[PDB]
Amino acid sequence: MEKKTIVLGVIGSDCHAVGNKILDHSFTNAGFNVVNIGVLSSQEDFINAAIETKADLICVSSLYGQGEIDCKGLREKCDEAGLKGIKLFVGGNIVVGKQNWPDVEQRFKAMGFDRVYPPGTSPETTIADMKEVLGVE
C-alpha cells in the first residue's frame, strides 16, 4: 500500500502522452519508485516484472485503449491472490461515467478497488493519486 512502485503508461491517439503529464511527478509526492513502461499495455509481460518491481499500483493514461486485457488483467491479479496489485487508479477508464458505471464496472463495482480519474481532471488529482491509495479507502 506504501510500496514504492508505480507502473505508468498507455494512451492512444492524443498528441503523444498528455497523461505522462508528470503523473510520475506524483511518484515523488509518494516517495515511490518509477516503473514507466511507455505507451504499451504489457499485461502478462509487465506482470512478470510486477513480481520484479512489485507493482503497488497501476496508472493507465487511457479511457479504454488497453482493451479487456488491462480490465480483467488486474482483476485477475486480485483473483490471483499472489500478485499484489489491488490498487489501480485508472486514469480516464471509460468516458461519460463517474461512480455510476455500466454493466462493465457493475461487476467490477463489487470489486471497485480501482478508482478512475474522470475525463477533465488535473495533475492536482495525482497529488490525490497517492493521497487516497496510501491513506485509506
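Residues in the sequence shown are numbered from 1 upward in steps of one, following PDB author numbering. Here a beta-carbon is modelled for each residue, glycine too, at the ideal position from N, C-alpha and C.
Original post:
Mind checking whether residue 133 and residue 83 have CB atoms under 8 Å apart?
Top reply: Not in contact: residue 133 and residue 83 (Cβ atoms no closer than 8 Å).
**OP:** Pull up the CB-CB distance for residue 47 and residue 77, whole angstroms please, since I reckon it's below 8 Å.
**Re:** About 7 Å separates the Cβ atoms of residue 47 and residue 77, confirming a contact at the 8 Å cut-off.
Original post:
Taking C-beta to C-beta, are residue 39 and residue 9 nearer than 8 Å?
Top reply: Closer than 8 Å, so yes.
**OP:** Kindly indicate which residue of 101, 121, 97, 137 has the alpha-carbon position closest to the one of residue 113.
**Re:** Just measuring C-alpha positions, the residue of 101, 121, 97, 137 sitting nearest residue 113 is 137.
**OP:** Tell me whether residue 5 is buried or exposed, calling it buried when 16 or more other Cβ atoms sit within 10 Å of its Cβ.
**Re:** That one is buried.
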